[PDB]
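Asker: There's a structure below that I have some questions on.
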Amino acid sequence: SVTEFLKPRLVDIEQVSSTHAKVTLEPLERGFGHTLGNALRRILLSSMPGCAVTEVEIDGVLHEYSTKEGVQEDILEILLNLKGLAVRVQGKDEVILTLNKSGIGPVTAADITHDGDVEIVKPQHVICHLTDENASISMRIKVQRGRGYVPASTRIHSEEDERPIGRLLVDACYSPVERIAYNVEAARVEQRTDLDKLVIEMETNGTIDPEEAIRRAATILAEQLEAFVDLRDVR
Amino acid sequence: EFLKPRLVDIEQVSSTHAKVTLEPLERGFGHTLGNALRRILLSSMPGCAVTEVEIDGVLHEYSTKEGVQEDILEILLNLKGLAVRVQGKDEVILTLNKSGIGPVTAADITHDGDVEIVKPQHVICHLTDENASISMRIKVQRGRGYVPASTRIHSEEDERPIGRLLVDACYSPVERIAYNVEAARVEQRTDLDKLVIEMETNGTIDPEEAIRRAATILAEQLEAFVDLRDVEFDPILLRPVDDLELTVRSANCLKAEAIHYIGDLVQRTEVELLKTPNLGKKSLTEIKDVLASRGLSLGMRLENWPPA
Amino acid sequence: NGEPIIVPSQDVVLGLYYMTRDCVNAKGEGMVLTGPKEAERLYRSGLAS
Amino acid sequence: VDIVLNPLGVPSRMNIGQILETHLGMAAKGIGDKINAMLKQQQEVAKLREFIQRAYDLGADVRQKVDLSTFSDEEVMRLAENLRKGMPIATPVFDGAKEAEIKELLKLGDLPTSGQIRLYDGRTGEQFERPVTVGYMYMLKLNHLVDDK
Amino acid sequence: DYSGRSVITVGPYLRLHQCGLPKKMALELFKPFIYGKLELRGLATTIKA
Amino acid sequence: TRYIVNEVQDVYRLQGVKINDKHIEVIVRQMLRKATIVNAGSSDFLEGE
Amino acid sequence: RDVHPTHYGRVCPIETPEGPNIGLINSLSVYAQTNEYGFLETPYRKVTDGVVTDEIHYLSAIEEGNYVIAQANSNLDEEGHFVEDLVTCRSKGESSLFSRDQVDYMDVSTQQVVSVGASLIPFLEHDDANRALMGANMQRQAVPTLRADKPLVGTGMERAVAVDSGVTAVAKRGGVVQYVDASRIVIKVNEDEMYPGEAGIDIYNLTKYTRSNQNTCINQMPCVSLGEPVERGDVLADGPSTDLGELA
Amino acid sequence: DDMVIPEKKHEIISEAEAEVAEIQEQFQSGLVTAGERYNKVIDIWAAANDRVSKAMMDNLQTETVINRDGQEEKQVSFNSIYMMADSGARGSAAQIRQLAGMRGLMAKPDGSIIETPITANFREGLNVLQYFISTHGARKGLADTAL
RNA sequence: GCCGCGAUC
């Protein structure tokens, strides 16, 4: 009677494409659905290891607002495009990658210089549509491994404005989660009628299977409780 | 690369109030852990509460006892708030007898083996004359959540004698719990988070044990996430055919038609089996007669037919 | 009259009105974000209003 | 909280008695909670008597001339244990407590004067953006039960 | 007949085409359907059962 | 029909309710039967049919 | 079914049934009574010169249409004069502002207009008239719960409703209580007032759980514990939905 | 506190009372008939009601003034009652006018209008006569709806 | 087979 709880069995997973998943767990005891959903959502959203671009350097003027030398897109637009880029780095805190294209044609992520340590998941991602015609665009990017989401509040690095111009304050989305949202419905087992079922919906920016994202969130939450569960453990 | 919280600097304010501190925490984990622990502790915590009582002269809850200052219904309400701590057992019986003048409290409950009454000043009734007595037997149980007296039926499997009073059970020792998030005093680390959980119980559970119980409940619940993967019933039927004491002529006819089970015969309507060779008008009546004796008239319709 | 009789009212209308309003100064001004997906992430994280 | 009501029912039905009653009951329960906490520490009779006296004569030229000076020791404790759940104040029908008096009563109990508190959600634990008016309202259970309907 | 009557409350988890019906009004409105399904599956050979 | 529809809608439209003109013209048609006759020859004379 | 301006202090303008019977069923106001002939009166205070006396005169519907009647919510001075030279009043069915020397009668209290049912609504003036009607009608339908619970905010009229309803048990001549039971209360009357001969004590037989007309239960639970002095008119047992003589 | 009281209510009430006193003096002079003064007092009271409702609306619409990145700026207020009224969820400006502005002219013993209106709102108190006067309209509406 | 009375939307 006491100390025993209904564990979720026969879960349902409906994978869509390669980054969209709708996980479902049933049945959970009354009130546990909200607790689990909120905890996993907060962990997946606010604190998760990942990588995203932080600094860019475009040859020419370094002001935030610029003429953009006629690349058919404003520098704000190409800053927006670079934010959604998803990268993978193998055991390096920071790394610099440079892109260069000459000749008419939209730029993709595959045109960055090849590095065996930096892995690109979506090389067809479009950044810009070349400097109008008969011109070239030079841009070097730096990407570092972070955690959660860090907006472009400030640089506060190097001296004076050397670092802010050297970074352009690109927003960083380290956590590889595009959207996580959970819904708790009602399910019943045997005579009991008031039980909770949890429906987890998540889309990923790439580099991680949504199953793996849930697994990482769960394992870090569980390992956060070792100091309390170690002594009072079944095994 | 994540700091692990350590339960340190636990302090007790009163016999019920308690503050538990979790010193090392990351940026956003303080609120997450606080909310999860608060919900777990408020929802499902083991505890002991009175399940049913038995007073000597009463017959139901809507009566009165001569010499006492309160109704039996009121006495059940003062008993519902009684909190006990039992060790090693779950069906402890608390018998109390008292005579005289003045309030009767939990302090005069007979001293059982291992049962600690958290507060001995909890009044449950008042006596008003010298010569009247009250003798009751209280049964306490261990549970997890709110269990009303009306809802439970398994306790009625054995008949309850007239005189057994049923009282609702709460089983939740935690009455109030709130958490607070502050900045840790660690200066070598840039900014660290600490969590303090103010918990107010009825004294039945240890705050550290309560936090441990919440943590292990959460860990066991999360264990299902760290490995996702996953990507003819009536006894009268289903009987041997040769049990209806039929005639010799029907025995061979049924074998040729392959009626080896009772339920197969009952599904045949009267207009179609007559086409069977040498069925017999009088013999057909015999099959109908014996099947009417069991109450199984010809013409029923089933859905599923297992081979056995 | 042809108007949709099944139309949200009361709390639903209040919620939609509160969601679609503009404040002169709040958490997040002039921020540029990829799309509606980032708007939910920023709001649910508390970094924006 | 024990009951959650819909704010959308006040401005159209013009039940301002709901809001003022909730604020005034919140003030009364704050006073009762102060007295209960004071009884929890079993402080001296003089301090409790002084607090009850300062909480009884509060108002604006009220016709209430009660005083604990003519109250002996044992009845003061009985009164304080009788109103630990809440100071049961009474506002006559058409001439009663004003907004200023309710605000002073709230301030006496160390409560927000505006009558609204920051309420956290029970499920997600996220602070509600606007303050929510929390108070103690007297709710009756009518004689129209579904068990009979 | 085959009609019930009870007080109505609000269900926000419901779809646009769903209404919450108590299981005590059901099993009374749908009694003959229950008899038919019980007899079809062989749980009760006779109607009295 | 123009008089009745406008006069009926005038009372309705003032209180801010929307009623389409067809629903008023439908009722008017049922008010415009049973004509009188000022001729004969077809087994009808000075009667309302 | 309309509220005639002479329904001021004799018939409640709030409490009345809603749908079919509105305006046909009324409720007497708190201070109203009947004439020797059968006409409703209402108390008023005589005003001589500019000072309102404490003498009380009972005015019928016909008589009150001649004098000039002041307002209950009008300020006074220490001696009794009005604080302003201009005072709102009611002359003959209408209301205007008159001189301090022209005032002839004074309203006894602010509860005069309302009835008993509408008197127990705090902040009644802040409520709409129809919503006050609905609240007053709905108060008469609440079922008495298991435990009585006093209103944290009331109108002071709860005690009068509870005491005079006959539901509670009031000590007729009680002195010091001698023995309190869950069903009986016996009081030994103080010696200062006794009936000569045979002495005697006052015994109350409380009525335990008993069916009411609307199938609800009627219960009486004692208040006094033991040896508690009890004065004339004190409440000993509080009936259904009553806490220490307070309608709850 | 969400029923923000206009600060100019008492001043315009005082000026309306002054105008009413002036017209009463005019009637005492004998050059004004009863009908003329009655219609004029109804007109001025209606104008005062319109003015107080309008002033309440200006005080309540854009009450919130919040500093931008530079200097100070005003915008539509986040008052909960104003949000409920403007969003159309429940209530309307007419019903708001009876919570912070004056209640205004109201009378139906037979269909006439009393000269003196109800100058108190529900946020503040109402004395016996103002409540008793509003009872006429409330009872008339409740009886009309049922019939 | 109703008649009165009270109540709900």
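Going by the structure tokens order, chains are called A, B, ..., each with residues numbered from 1, while ligands are numbered from 1 in the order shown.
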Taking only residues of chain E that have an atom at most 12 Å from an atom of chain A, what is each one's shortest atom pair and its distance in Å to one decimal, using only C-alpha atoms, in chain and number order, as JSON lines?
Answerer:
{"residue": "E:12", "atom": "CA", "partner": "A:185", "partner_atom": "CA", "distance": 11.4}
{"residue": "E:13", "atom": "CA", "partner": "A:185", "partner_atom": "CA", "distance": 8.0}
{"residue": "E:14", "atom": "CA", "partner": "A:185", "partner_atom": "CA", "distance": 10.3}
{"residue": "E:23", "atom": "CA", "partner": "A:193", "partner_atom": "CA", "distance": 11.4}
Asker: Which residues of chain A sit at most 12 Å from chain C, using only C-alpha atoms? Give each one's shortest atom pair and distance in Å (one decimal place), in chain and ascending residue order, as CSV.
Answerer:
residue,atom,partner,partner_atom,distance
A:38,CA,C:44,CA,10.9
A:41,CA,C:44,CA,9.6
A:42,CA,C:45,CA,7.8
A:43,CA,C:45,CA,10.3
A:44,CA,C:41,CA,10.6
A:45,CA,C:45,CA,7.0
A:46,CA,C:45,CA,6.5
A:47,CA,C:45,CA,10.3
A:75,CA,C:32,CA,11.9
A:76,CA,C:32,CA,8.1
A:77,CA,C:32,CA,9.1
A:78,CA,C:34,CA,11.0
A:79,CA,C:32,CA,9.0
A:80,CA,C:34,CA,6.1
A:81,CA,C:34,CA,7.6
A:82,CA,C:34,CA,9.6
A:83,CA,C:34,CA,7.4
A:84,CA,C:34,CA,6.8
A:85,CA,C:34,CA,10.5
A:148,CA,C:45,CA,9.7
A:149,CA,C:42,CA,8.5
A:150,CA,C:47,CA,9.2
A:151,CA,C:47,CA,8.3
A:152,CA,C:31,CA,9.0
A:153,CA,C:28,CA,9.9
A:169,CA,C:31,CA,11.5
A:170,CA,C:32,CA,10.0
A:171,CA,C:33,CA,8.5
A:172,CA,C:33,CA,10.7
A:173,CA,C:38,CA,9.6
A:175,CA,C:41,CA,10.7
A:176,CA,C:41,CA,11.6
A:177,CA,C:41,CA,9.0
A:178,CA,C:37,CA,6.4
A:179,CA,C:37,CA,6.1
A:180,CA,C:41,CA,8.1
A:181,CA,C:40,CA,9.5
A:202,CA,C:37,CA,11.1
A:203,CA,C:37,CA,9.6
A:204,CA,C:37,CA,10.9
A:205,CA,C:37,CA,10.8
Asker: Using only C-alpha atoms, which residues of chain C come within 12 Å of chain E, and what is the closest atom pair for each, with the distance in Å to one decimal? Give it as a Markdown table, sorted by chain and residue number.
Answerer:
| residue | atom | partner | partner_atom | distance |
| --- | --- | --- | --- | --- |
| C:6 | CA | E:16 | CA | 9.6 |
| C:7 | CA | E:16 | CA | 11.5 |
| C:8 | CA | E:16 | CA | 11.8 |
| C:11 | CA | E:12 | CA | 11.4 |
| C:12 | CA | E:12 | CA | 10.8 |
Asker: Looking only at strand (DSSP E or B) from DSSP on the backbone, list the matching residues of region 52-96 of chain B as JSON, numbers by chain.
Answerer: {"B": [52, 53, 54, 55, 68, 84, 85, 86, 93, 94, 95, 96]}
Asker: Give me the residues of chain G that have any atom at most 9 Å from an atom of chain D; for each, the nearest atom pair and the distance in Å, rounded to one decimal. Use only C-alpha atoms, sort by chain and number, and format it as a tab-separated table.
Answerer:
residue	atom	partner	partner_atom	distance
G:73	CA	D:95	CA	7.5
G:110	CA	D:94	CA	5.7
G:111	CA	D:93	CA	6.2
G:114	CA	D:93	CA	8.6
G:118	CA	D:93	CA	8.5
G:119	CA	D:93	CA	6.0
G:120	CA	D:93	CA	7.5
G:121	CA	D:93	CA	7.0
G:122	CA	D:93	CA	6.0
G:123	CA	D:17	CA	5.2
G:124	CA	D:93	CA	6.0
G:125	CA	D:94	CA	6.0
G:126	CA	D:16	CA	5.4
G:127	CA	D:15	CA	5.0
G:128	CA	D:14	CA	5.8
G:131	CA	D:13	CA	7.1
G:132	CA	D:15	CA	8.6
G:138	CA	D:142	CA	7.4
G:139	CA	D:140	CA	7.7
G:140	CA	D:142	CA	8.7
G:141	CA	D:142	CA	5.3
G:142	CA	D:142	CA	4.1
G:143	CA	D:143	CA	5.8
G:144	CA	D:141	CA	8.4
G:145	CA	D:141	CA	8.2
G:150	CA	D:88	CA	7.4
G:151	CA	D:138	CA	6.4
G:152	CA	D:88	CA	4.4
G:153	CA	D:89	CA	5.2
G:154	CA	D:90	CA	4.4
G:155	CA	D:92	CA	4.5
G:156	CA	D:90	CA	5.2
G:157	CA	D:92	CA	8.0
Asker: Can you spit out the residues from that selection as a compact mmCIF listing (two decimals), in the first residue's frame, using N, CA, C and O atoms?
Answerer:
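And here is the file that came out, again.txt:
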# COMPACT_ATOMS: atom_id res chain seq x y z
N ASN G 73 -28.54 59.55 7.97
CA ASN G 73 -27.13 59.83 7.71
C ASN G 73 -26.85 61.33 7.63
O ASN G 73 -26.26 61.83 6.67
N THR G 110 -30.08 54.04 10.35
CA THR G 110 -29.83 53.73 8.95
C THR G 110 -30.39 52.38 8.52
O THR G 110 -30.50 52.13 7.32
N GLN G 111 -30.76 51.52 9.47
CA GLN G 111 -31.33 50.22 9.16
C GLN G 111 -32.84 50.28 8.98
O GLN G 111 -33.47 49.24 8.77
N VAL G 114 -34.46 48.89 5.41
CA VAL G 114 -34.28 47.49 5.03
C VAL G 114 -35.02 46.57 5.99
O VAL G 114 -35.48 47.00 7.05
N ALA G 118 -32.26 41.59 4.48
CA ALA G 118 -31.30 42.47 3.83
C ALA G 118 -30.39 43.19 4.80
O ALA G 118 -29.43 43.83 4.37
N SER G 119 -30.66 43.11 6.11
CA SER G 119 -29.82 43.77 7.09
C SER G 119 -28.51 43.04 7.32
O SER G 119 -27.56 43.65 7.82
N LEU G 120 -28.44 41.76 6.98
CA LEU G 120 -27.26 40.94 7.24
C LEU G 120 -26.30 40.91 6.07
O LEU G 120 -25.46 40.01 6.00
N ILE G 121 -26.41 41.86 5.14
CA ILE G 121 -25.50 41.96 4.01
C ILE G 121 -24.53 43.12 4.29
O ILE G 121 -24.96 44.28 4.27
N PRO G 122 -23.26 42.85 4.56
CA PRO G 122 -22.31 43.95 4.73
C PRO G 122 -22.10 44.67 3.42
O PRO G 122 -22.20 44.08 2.34
N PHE G 123 -21.81 45.97 3.51
CA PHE G 123 -21.62 46.81 2.34
C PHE G 123 -22.81 46.70 1.40
O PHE G 123 -22.66 46.56 0.18
N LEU G 124 -24.01 46.76 1.98
CA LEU G 124 -25.22 46.69 1.17
C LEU G 124 -25.30 47.86 0.21
O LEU G 124 -25.76 47.71 -0.93
N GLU G 125 -24.86 49.04 0.65
CA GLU G 125 -24.93 50.23 -0.20
C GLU G 125 -24.04 50.12 -1.43
O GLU G 125 -24.32 50.77 -2.43
N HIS G 126 -22.98 49.31 -1.38
CA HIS G 126 -22.09 49.14 -2.51
C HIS G 126 -22.61 48.12 -3.52
O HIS G 126 -21.98 47.94 -4.57
N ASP G 127 -23.72 47.46 -3.23
CA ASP G 127 -24.27 46.44 -4.12
C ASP G 127 -25.41 47.02 -4.95
O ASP G 127 -26.11 47.94 -4.53
N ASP G 128 -25.58 46.47 -6.15
CA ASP G 128 -26.71 46.83 -6.98
C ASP G 128 -28.00 46.38 -6.32
O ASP G 128 -28.02 45.44 -5.53
N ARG G 131 -29.04 42.85 -7.47
CA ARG G 131 -28.12 41.86 -6.91
C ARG G 131 -28.29 41.73 -5.40
O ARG G 131 -28.16 40.64 -4.85
N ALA G 132 -28.58 42.84 -4.72
CA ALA G 132 -28.93 42.75 -3.31
C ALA G 132 -30.21 41.96 -3.10
O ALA G 132 -30.32 41.20 -2.14
N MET G 138 -31.26 34.53 -1.58
CA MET G 138 -30.42 33.34 -1.50
C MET G 138 -29.97 33.04 -0.08
O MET G 138 -29.68 31.89 0.23
N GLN G 139 -29.90 34.06 0.78
CA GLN G 139 -29.51 33.80 2.17
C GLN G 139 -30.51 32.88 2.87
O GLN G 139 -30.12 32.08 3.73
N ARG G 140 -31.78 32.97 2.52
CA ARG G 140 -32.82 32.16 3.13
C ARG G 140 -32.83 30.73 2.63
O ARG G 140 -33.83 30.04 2.87
N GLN G 141 -31.79 30.27 1.94
CA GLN G 141 -31.75 28.93 1.39
C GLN G 141 -30.53 28.13 1.80
O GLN G 141 -30.47 26.93 1.50
N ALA G 142 -29.55 28.74 2.47
CA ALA G 142 -28.36 28.01 2.88
C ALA G 142 -28.70 26.97 3.93
O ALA G 142 -29.49 27.22 4.85
N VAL G 143 -28.11 25.79 3.80
CA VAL G 143 -28.34 24.70 4.75
C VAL G 143 -27.35 24.84 5.90
O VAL G 143 -26.17 25.14 5.67
N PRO G 144 -27.79 24.66 7.14
CA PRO G 144 -26.84 24.70 8.26
C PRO G 144 -25.84 23.56 8.17
O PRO G 144 -26.21 22.39 8.05
N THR G 145 -24.57 23.91 8.24
CA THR G 145 -23.48 22.97 8.01
C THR G 145 -23.22 22.16 9.28
O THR G 145 -23.99 22.20 10.24
N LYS G 150 -18.65 31.64 12.57
CA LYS G 150 -19.07 33.03 12.62
C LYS G 150 -18.62 33.78 11.37
O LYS G 150 -17.62 33.41 10.74
N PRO G 151 -19.36 34.81 10.96
CA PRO G 151 -18.90 35.66 9.85
C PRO G 151 -17.79 36.58 10.32
O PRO G 151 -17.95 37.31 11.30
N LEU G 152 -16.65 36.56 9.61
CA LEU G 152 -15.56 37.46 9.95
C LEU G 152 -15.97 38.92 9.78
O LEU G 152 -15.45 39.79 10.47
N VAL G 153 -16.88 39.19 8.85
CA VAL G 153 -17.41 40.53 8.63
C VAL G 153 -18.93 40.44 8.58
O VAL G 153 -19.49 39.74 7.73
N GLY G 154 -19.59 41.14 9.50
CA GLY G 154 -21.03 41.10 9.57
C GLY G 154 -21.64 42.48 9.70
O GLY G 154 -21.00 43.47 9.36
N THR G 155 -22.88 42.55 10.17
CA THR G 155 -23.57 43.82 10.36
C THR G 155 -24.08 44.00 11.78
O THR G 155 -24.91 44.89 12.02
N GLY G 156 -23.63 43.19 12.73
CA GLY G 156 -24.10 43.29 14.10
C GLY G 156 -25.53 42.86 14.32
O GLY G 156 -25.96 42.79 15.48
N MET G 157 -26.29 42.59 13.27
CA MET G 157 -27.67 42.14 13.39
C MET G 157 -27.79 40.63 13.46
O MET G 157 -28.91 40.11 13.53
Asker: Starting from chain E, keep only residues with some atom at most 7 Å from an atom of chain B, counting only C-alpha atoms, and report them as a VMD selection string.
Answerer: chain E and resid 40 to 43
Asker: Can those selected residues be exported to a file as a tab-separated table (two decimals), in the first residue's frame so that it contains N, CA, C and O atoms?
Answerer:
chain	number	residue	atom	x	y	z
E	40	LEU	N	-25.05	-10.46	-26.46
E	40	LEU	CA	-24.27	-10.76	-27.65
E	40	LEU	C	-22.96	-11.47	-27.31
E	40	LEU	O	-22.55	-12.39	-28.02
E	41	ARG	N	-22.31	-11.06	-26.22
E	41	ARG	CA	-21.01	-11.62	-25.85
E	41	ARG	C	-21.14	-12.89	-25.01
E	41	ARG	O	-20.11	-13.47	-24.65
E	42	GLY	N	-22.35	-13.32	-24.69
E	42	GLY	CA	-22.55	-14.54	-23.95
E	42	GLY	C	-22.33	-14.44	-22.46
E	42	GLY	O	-22.27	-15.47	-21.78
E	43	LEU	N	-22.19	-13.22	-21.92
E	43	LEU	CA	-22.00	-13.08	-20.48
E	43	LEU	C	-23.28	-13.42	-19.72
E	43	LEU	O	-23.21	-13.95	-18.60
Asker: For CA of residue 23 (chain B) and CA of residue 220 (chain A), determine how far apart the two atoms are, in Å to one decimal place.
Answerer: 18.0 Å
Asker: Pick out the residues sitting within 12 Å of residue 46 (chain H), and hand them over as an MDAnalysis selection string; count only C-alpha atoms (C1' of nucleotides), and ignore anything fewer than 5 positions along from it in its own chain.
Answerer: chainID H and resid 13 16 39:41 51:53 102:106 113:119
Asker: Please save C-alpha atoms of the selected residues as a PDB file, in the first residue's frame.
Answerer:
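Listed below is the output, result.pdb:
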ATOM      1  CA  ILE H  13     -20.550  68.713  -8.630  1.00  0.00           C
ATOM      2  CA  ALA H  16     -23.540  72.156 -10.846  1.00  0.00           C
ATOM      3  CA  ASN H  39     -36.151  71.201 -17.927  1.00  0.00           C
ATOM      4  CA  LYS H  40     -33.080  73.383 -17.360  1.00  0.00           C
ATOM      5  CA  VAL H  41     -32.120  71.512 -14.185  1.00  0.00           C
ATOM      6  CA  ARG H  51     -18.774  65.606 -18.115  1.00  0.00           C
ATOM      7  CA  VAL H  52     -17.993  63.388 -15.119  1.00  0.00           C
ATOM      8  CA  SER H  53     -18.235  60.212 -17.210  1.00  0.00           C
ATOM      9  CA  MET H 102     -21.743  59.234 -10.909  1.00  0.00           C
ATOM     10  CA  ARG H 103     -24.765  56.964 -11.209  1.00  0.00           C
ATOM     11  CA  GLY H 104     -26.660  59.779 -12.921  1.00  0.00           C
ATOM     12  CA  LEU H 105     -30.305  60.524 -13.562  1.00  0.00           C
ATOM     13  CA  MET H 106     -32.633  57.594 -12.914  1.00  0.00           C
ATOM     14  CA  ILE H 113     -37.381  61.957 -13.758  1.00  0.00           C
ATOM     15  CA  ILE H 114     -36.425  63.345 -10.355  1.00  0.00           C
ATOM     16  CA  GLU H 115     -34.610  66.680 -10.405  1.00  0.00           C
ATOM     17  CA  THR H 116     -31.837  65.603  -8.020  1.00  0.00           C
ATOM     18  CA  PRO H 117     -29.799  62.666  -9.388  1.00  0.00           C
ATOM     19  CA  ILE H 118     -27.729  60.043  -7.594  1.00  0.00           C
ATOM     20  CA  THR H 119     -24.332  61.715  -7.217  1.00  0.00           C
TER      21      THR H 119
END
Asker: Write down, as a list in words, each residue of chain B that has any atom within 9 Å of an atom of chain G, counting only C-alpha atoms.
Answerer: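 That gives the following set of residues: residues 62, 63, 64, 65, 66, 67, 68, 69, 70, 71, 74, 127, 128 and 129 of chain B.
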Asker: Go through chain E and flag each residue having an atom no more than 8 Å from chain D; for those, report the closest pair of atoms plus their distance in Å to one decimal, using only C-alpha atoms, ordered by chain and rising number, as a tab-separated table.
Answerer:
residue	atom	partner	partner_atom	distance
E:5	CA	D:149	CA	7.4
E:6	CA	D:149	CA	5.7
E:7	CA	D:146	CA	6.5
Asker: Give me, as a count of residues only, the residues of region 94-209 of chain G that a backbone DSSP run labels helix (DSSP H, G or I).
Answerer: 24
Asker: Would you mind listing what lies within 12 Å of residue 210 (chain B) as number ranges by chain, with only C-alpha atoms (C1' of nucleotides) counted and same-chain residues fewer than 2 positions away left out?
Answerer: A: 228, 232; B: 18-20, 37-38, 40-42, 44-47, 172-174, 177, 197-201, 203-208, 212-217
Asker: Just the residues within 10 Å of region 17-26 of chain F, please, counting only C-alpha atoms (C1' of nucleotides), with nothing from its chain fewer than 2 positions along; format it as a PDB file with N, CA and C atoms, in the first residue's frame.
Answerer:
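Full text of selection_38.pdb as output:
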ATOM      1  N   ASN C   1     -28.294  35.652 -38.852  1.00  0.00           N
ATOM      2  CA  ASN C   1     -27.559  36.734 -39.493  1.00  0.00           C
ATOM      3  C   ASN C   1     -26.288  36.283 -40.191  1.00  0.00           C
ATOM      4  N   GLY C   2     -25.858  35.036 -40.027  1.00  0.00           N
ATOM      5  CA  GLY C   2     -24.641  34.558 -40.637  1.00  0.00           C
ATOM      6  C   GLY C   2     -23.391  34.763 -39.813  1.00  0.00           C
ATOM      7  N   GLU C   3     -23.474  35.485 -38.701  1.00  0.00           N
ATOM      8  CA  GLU C   3     -22.318  35.644 -37.838  1.00  0.00           C
ATOM      9  C   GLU C   3     -22.068  34.354 -37.058  1.00  0.00           C
TER      10      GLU C   3
ATOM     11  N   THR F   1     -43.915  44.803 -48.720  1.00  0.00           N
ATOM     12  CA  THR F   1     -42.756  44.094 -48.188  1.00  0.00           C
ATOM     13  C   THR F   1     -41.666  45.068 -47.769  1.00  0.00           C
ATOM     14  N   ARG F   2     -41.458  46.128 -48.552  1.00  0.00           N
ATOM     15  CA  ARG F   2     -40.467  47.133 -48.185  1.00  0.00           C
ATOM     16  C   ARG F   2     -40.869  47.865 -46.912  1.00  0.00           C
ATOM     17  N   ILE F   4     -42.938  46.726 -44.371  1.00  0.00           N
ATOM     18  CA  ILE F   4     -42.916  45.868 -43.191  1.00  0.00           C
ATOM     19  C   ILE F   4     -41.484  45.526 -42.799  1.00  0.00           C
ATOM     20  N   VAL F   5     -40.649  45.173 -43.777  1.00  0.00           N
ATOM     21  CA  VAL F   5     -39.269  44.800 -43.478  1.00  0.00           C
ATOM     22  C   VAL F   5     -38.531  45.966 -42.835  1.00  0.00           C
ATOM     23  N   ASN F   6     -38.670  47.163 -43.410  1.00  0.00           N
ATOM     24  CA  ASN F   6     -37.996  48.328 -42.847  1.00  0.00           C
ATOM     25  C   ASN F   6     -38.551  48.683 -41.475  1.00  0.00           C
ATOM     26  N   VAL F   8     -40.138  46.652 -39.309  1.00  0.00           N
ATOM     27  CA  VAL F   8     -39.741  45.621 -38.356  1.00  0.00           C
ATOM     28  C   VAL F   8     -38.253  45.691 -38.039  1.00  0.00           C
ATOM     29  N   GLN F   9     -37.401  45.884 -39.047  1.00  0.00           N
ATOM     30  CA  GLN F   9     -35.970  45.991 -38.788  1.00  0.00           C
ATOM     31  C   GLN F   9     -35.636  47.251 -38.001  1.00  0.00           C
ATOM     32  N   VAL F  11     -37.242  48.523 -35.466  1.00  0.00           N
ATOM     33  CA  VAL F  11     -37.336  48.183 -34.050  1.00  0.00           C
ATOM     34  C   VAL F  11     -36.192  47.264 -33.645  1.00  0.00           C
ATOM     35  N   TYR F  12     -35.857  46.295 -34.497  1.00  0.00           N
ATOM     36  CA  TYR F  12     -34.787  45.364 -34.157  1.00  0.00           C
ATOM     37  C   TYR F  12     -33.419  46.030 -34.225  1.00  0.00           C
ATOM     38  N   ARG F  13     -33.131  46.758 -35.306  1.00  0.00           N
ATOM     39  CA  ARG F  13     -31.776  47.265 -35.499  1.00  0.00           C
ATOM     40  C   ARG F  13     -31.415  48.312 -34.449  1.00  0.00           C
ATOM     41  N   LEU F  14     -32.415  48.956 -33.831  1.00  0.00           N
ATOM     42  CA  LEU F  14     -32.121  49.982 -32.834  1.00  0.00           C
ATOM     43  C   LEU F  14     -31.465  49.376 -31.597  1.00  0.00           C
ATOM     44  N   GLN F  15     -31.918  48.200 -31.166  1.00  0.00           N
ATOM     45  CA  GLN F  15     -31.345  47.530 -30.005  1.00  0.00           C
ATOM     46  C   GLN F  15     -30.095  46.728 -30.338  1.00  0.00           C
ATOM     47  N   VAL F  28     -43.775  37.450 -44.290  1.00  0.00           N
ATOM     48  CA  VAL F  28     -44.656  38.322 -45.062  1.00  0.00           C
ATOM     49  C   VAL F  28     -45.372  37.532 -46.149  1.00  0.00           C
ATOM     50  N   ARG F  29     -44.666  36.596 -46.788  1.00  0.00           N
ATOM     51  CA  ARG F  29     -45.285  35.792 -47.837  1.00  0.00           C
ATOM     52  C   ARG F  29     -46.484  35.020 -47.304  1.00  0.00           C
ATOM     53  N   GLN F  30     -46.366  34.462 -46.099  1.00  0.00           N
ATOM     54  CA  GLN F  30     -47.490  33.765 -45.488  1.00  0.00           C
ATOM     55  C   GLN F  30     -48.603  34.706 -45.052  1.00  0.00           C
ATOM     56  N   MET F  31     -48.367  36.014 -45.065  1.00  0.00           N
ATOM     57  CA  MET F  31     -49.411  36.998 -44.824  1.00  0.00           C
ATOM     58  C   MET F  31     -50.072  37.482 -46.105  1.00  0.00           C
TER      59      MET F  31
END
